[PDB]
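The data below hold one chain only, encoded as structure tokens and taken in the form deposited in one PDB entry.
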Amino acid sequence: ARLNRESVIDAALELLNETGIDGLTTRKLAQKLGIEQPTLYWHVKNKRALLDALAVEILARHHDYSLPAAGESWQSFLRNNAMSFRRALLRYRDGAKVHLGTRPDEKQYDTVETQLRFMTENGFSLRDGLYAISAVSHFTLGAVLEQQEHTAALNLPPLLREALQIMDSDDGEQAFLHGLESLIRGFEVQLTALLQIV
């Protein structure tokens, strides 16, 4: 096996799709790579080091809308950025549980710094721009996690029976997209209100 960082990240992503996150271990990864575990240890010290790097790589590889287009509104940037974030988290089995708990890596510093500056340039204070960006992140992580965990870990009253048919009718994309519009409209109301009672 070639054991530079990119081929270790590639076999580990491959293995996450096959086993999920609880079945991903350095002993299984060494066997996939066809090397002994001391050989693997030289490259990958532990499972946290590995999950930290996968969380960065899945967004580097798949999260394409990380910055505003030139002249794009803050509303449009949040919509687009959230949908790209959903799409990157859903690309791999347990992608959202791999993200959970990470913080921006050094490789992401400039990207996330730009996102926050862009909201302050749009009128938000830093804290309000942060609370908007975080509410979009938490709603998206929540929606993808319920979806992915629902299919991993596997007498009704009339409206629940029907709620359950609706829920299960697609990937959760329509419920997501409609909730996203409500979130962005609530922030716009708050932005424009300024100091008036809203």
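Superpose the two forms; the largest set of C-alphas matching within 1.5 Å is the rigid core. For every residue, the number given is its place in the sequence shown, counted from 1.
- In the deposited entry, the stretch joining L159 to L160 is continuous, with no residue of the deposited sequence left without coordinates.
- In this entry, 59-67 shows the higher mean Cα temperature factor of the pair 135-143 and 59-67.
- Taking the PDB entry as given, 29-37 carries the higher mean Cα B factor of the two stretches 29-37 and 126-134.
- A175: CA B factor lies in the lowest third for its chain, per the PDB record.
- Ranked by C-alpha B-factor against the other modelled residues of its chain, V189 falls in the middle third.
- The PDB entry assigns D22 a C-alpha temperature factor belonging to the highest third of its chain's modelled residues.
- Sorting the modelled residues of the chain by their CA temperature factor places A53 in the lowest third.
This next part talks about the form deposited in another entry, which is not shown.
- Once the core is superposed between this form and the one not shown, every option in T25, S182, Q174, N17 stays below 2 Å in C-alpha shift except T25.
- Taking the rigid core as fixed, one finds a CA shift for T114 smaller than 2 Å between this form and the one not shown.
- With the core held fixed, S76 shows a CA shift below 2 Å between this form and the one not shown.
- In comparison with the shown form, the Cα-Cα distance of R103 and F187 increases by at least 3 angstroms in the other form.
- The pair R103 and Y41 is tighter in the other form: their Cα-Cα distance falls by no less than 3 Å compared with this form.
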